[PDB]
S.K.: 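Pasting a structure below so you can have a look.
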Amino acid sequence: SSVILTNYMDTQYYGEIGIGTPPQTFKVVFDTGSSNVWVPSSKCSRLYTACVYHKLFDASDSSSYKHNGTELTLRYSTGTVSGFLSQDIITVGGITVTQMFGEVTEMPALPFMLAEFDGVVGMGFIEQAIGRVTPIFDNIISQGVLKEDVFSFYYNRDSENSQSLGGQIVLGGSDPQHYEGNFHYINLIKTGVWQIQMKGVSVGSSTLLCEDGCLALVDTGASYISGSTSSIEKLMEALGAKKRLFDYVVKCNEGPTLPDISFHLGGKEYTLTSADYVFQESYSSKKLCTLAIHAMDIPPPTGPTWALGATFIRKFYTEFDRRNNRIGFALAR
Ligand SMILES: CCc1nc(N)nc(N)c1-c1ccc2c(c1)N(CCCOC)C(=O)[C@H](c1cc(F)cc(F)c1)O2
Ligand SMILES: *[C@@H]1O[C@H](CO)[C@@H](O)[C@H](O)[C@H]1NC(C)=O
């Protein structure tokens, strides 16, 4: 099964899912970086403006709902959400599964007022599930209908017209229509996390970063490519970028010529061009242009680790293989 994804300014990718009977629709990001499913709740106080601006799941309107009520808190690198558990049927591109998800009742304006999506569908392993709730993909796998125990991601580049698909996630396989060449796989460091070993990161013609090795989380729920503060500071000094409150900028006229940045994964260099990582909104030398690379200190056990988000996936179609605990990359088409 495949789900069409909408691309919002190259930083948000989301698709639709149905919850309840009748189906209540929600826009959600498919996140390999988390393992729980949650959408805003009708029980969310309207004092939380984010709740006034998003679709709210209402249990009293679903005849398939199953109460539970266990409280859970979800902590992402850029924001938190709190609520309780509930069960109901979820529709995901033609597949129906009874799933336990969180109904959020606490949704901070910052950053959720800036969220185009309503909730999140974690594609991570149960080992990372909060409240030890069974992840949606596991439940789907339990049906034994998927041709393969894998799922793929395609994140297109932004488009100023309602015609190109923002992205596409395939449940049970990969779509040849959106990648060329062959997949190159890299084994996971350990099942339970979509994290692989990275041999080195190079900026220009010199592997000046991650020598001796480092970690890489392949996170479909992250807008950018992130590294530890130390690493980024160093990488950014190389590009000649200035650090601001939340991002790094470079003079727009300089963007087009910034050097290539490469990531050594499983014996194969994945190269990004300046076009691939800077939001070239202008050419003026009087305007600042943001880079799709940020600094993010992920705490243990997962971190310290780099994170390969949408910036990296836009260029490399990505397949997540559960049966073989490996990740595959192929040039996106
Ligand atoms: C999908 C959940 C999620 N998963 C992981 N693994 N990491 C995250 N940081 C987030 C996460 C949390 C809140 C967010 C966003 C991501 N995203 C990125 C969506 C990525 O889609 C592929 C936003 O758009 C945003 C948001 C808006 C801002 F303006 C500033 C922010 F910091 C955060 O609100
Ligand atoms: C909520 O779900 C968990 C996990 O399935 C279950 O063990 C627990 O009994 C449920 N709680 C209630 C009160 O429904």
Side-chain angles (χ1 to χ4, degrees), residues 1-5 13-44 54-76 81-107 115 117-153 169-173 191-194 219-221 320 322-323:
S1 304
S2 56
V3 181
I4 309 300
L5 300 180
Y13 292 76
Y14 53 92
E16 268 201 13
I17 69 176
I19 305 184
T21 300
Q24 291 176 223
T25 55
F26 296 89
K27 300 176 194 302
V28 293
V29 169
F30 292 89
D31 180 20
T32 58
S34 69
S35 308
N36 294 64
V37 170
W38 71 264
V39 296
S41 174
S42 66
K43 289 177 61 176
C44 175
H54 290 93
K55 175 64 83 61
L56 303 172
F57 174 82
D58 195 325
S60 68
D61 282 330
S62 173
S63 63
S64 42
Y65 159 79
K66 288 299 208 297
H67 170 276
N68 181 290
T70 299
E71 304 189 312
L72 81 171
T73 293
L74 275 18
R75 291 178 169 178
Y76 302 101
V81 297
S82 210
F84 55 89
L85 293 180
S86 287
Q87 192 198 79
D88 209 339
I89 69 180
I90 295 186
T91 270
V92 188
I95 291 179
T96 307
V97 297
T98 299
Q99 175 75 207
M100 266 277 273
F101 59 103
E103 293 197 44
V104 170
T105 50
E106 296 179 303
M107 186 176 189
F117 57 90
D118 299 299
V120 184
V121 174
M123 299 301 288
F125 296 79
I126 186 175
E127 286 85 324
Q128 302 274 286
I130 297 293
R132 302 182 304 295
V133 181
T134 303
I136 198 173
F137 197 68
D138 285 356
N139 284 146
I140 290 179
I141 286 179
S142 280
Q143 300 191 186
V145 305
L146 289 175
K147 192 177 180 184
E148 289 177 61
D149 193 330
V150 312
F151 55 88
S152 305
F153 274 74
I169 170 179
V170 179
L171 258 29
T191 190
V193 192
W194 290 114
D219 191 353
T220 63
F320 299 80
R322 282 292 300 289
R323 186 169 189 285

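Starting from 1, each residue takes its place in the sequence as its number. Side chains are part of it too, since the values below use all heavy atoms of this structure and drop only hydrogens, waters and symmetry mates.
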S.K.: Report the C-alpha distance between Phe57 and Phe101 in whole Å, list the side-chain angles of each, state the deciding distance to 0.1 Å, and finish with yes or no for ring pair (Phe, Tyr, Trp, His ring centres under 6.0 Å).
M.R.: CA-CA 11 Å; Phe57 174 82; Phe101 59 103; 5.3 Å; yes
S.K.: Mark yes or no for whether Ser152, through its side chain, and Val170, through its backbone, hold a donor-acceptor pair below 3.5 Å.
M.R.: no
S.K.: Give, for atom CG of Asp149 and atom CZ of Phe320, the distance between the pair rounded to the nearest 0.5 Å.
M.R.: 14.0 Å
S.K.: Quick check: does any side chain N or O of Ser64 sit under 3.5 Å from a backbone N or O of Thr21, one acting as donor and the other as acceptor?
M.R.: yes
S.K.: Is there a side-chain contact between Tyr76 and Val81 (heavy atoms, below 4.5 Å)?
M.R.: yes
S.K.: For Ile126, is there any backbone N or O sitting under 3.5 Å from a side-chain donor or acceptor partner on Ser35?
M.R.: no
S.K.: Output yes when a side-chain donor or acceptor of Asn139 lies under 3.5 Å from a complementary backbone atom of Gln99, and no otherwise.
M.R.: no
S.K.: Run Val193 and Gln128 through side chain to side chain contact (heavy atoms under 4.5 Å, CB included) and show every step you take.
M.R.: CA-CA 7 Å; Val193 192; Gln128 302 274 286; 4.2 Å; yes
S.K.: Nearest heavy-atom pair of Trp38 and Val104: which atoms, and what distance?
M.R.: CE3-CG2, 3.2 Å
S.K.: Could you give the distance from CG (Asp31) to CG (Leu74), rounded to the nearest 0.5 Å?
M.R.: 9.5 Å
S.K.: Ignoring hydrogens and angles, tell me if any N or O in the side chain of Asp118 forms a donor-acceptor pair with the backbone of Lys27 under 3.5 Å.
M.R.: yes
S.K.: Within the side chain of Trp194, is there an N or O that forms a donor-acceptor pair under 3.5 Å with the backbone of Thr220?
M.R.: no
S.K.: Say you draw a straight line from OG1 of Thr134 to CE of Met100; how long is it, rounded to the nearest 0.5 Å?
M.R.: 8.5 Å
S.K.: Restricting to non-hydrogen atoms, name the atom on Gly69 and the atom on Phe84 that form the minimum distance, rounded to 0.1 Å.
M.R.: O-CB, 3.6 Å
S.K.: Between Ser62 and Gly20, which heavy-atom pair has the shortest distance, and what is it?
M.R.: OG-CA, 3.3 Å
S.K.: Using only heavy-atom distances, determine whether the side chains of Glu103 and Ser41 contain a donor-acceptor pair under 3.5 Å.
M.R.: yes
S.K.: Before we go on, tell me: are the rings of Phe151 and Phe30 under 6.0 Å apart, centre to centre?
M.R.: no
S.K.: Could you give the distance from NZ (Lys43) to CG (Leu56), rounded to the nearest 0.5 Å?
M.R.: 13.0 Å
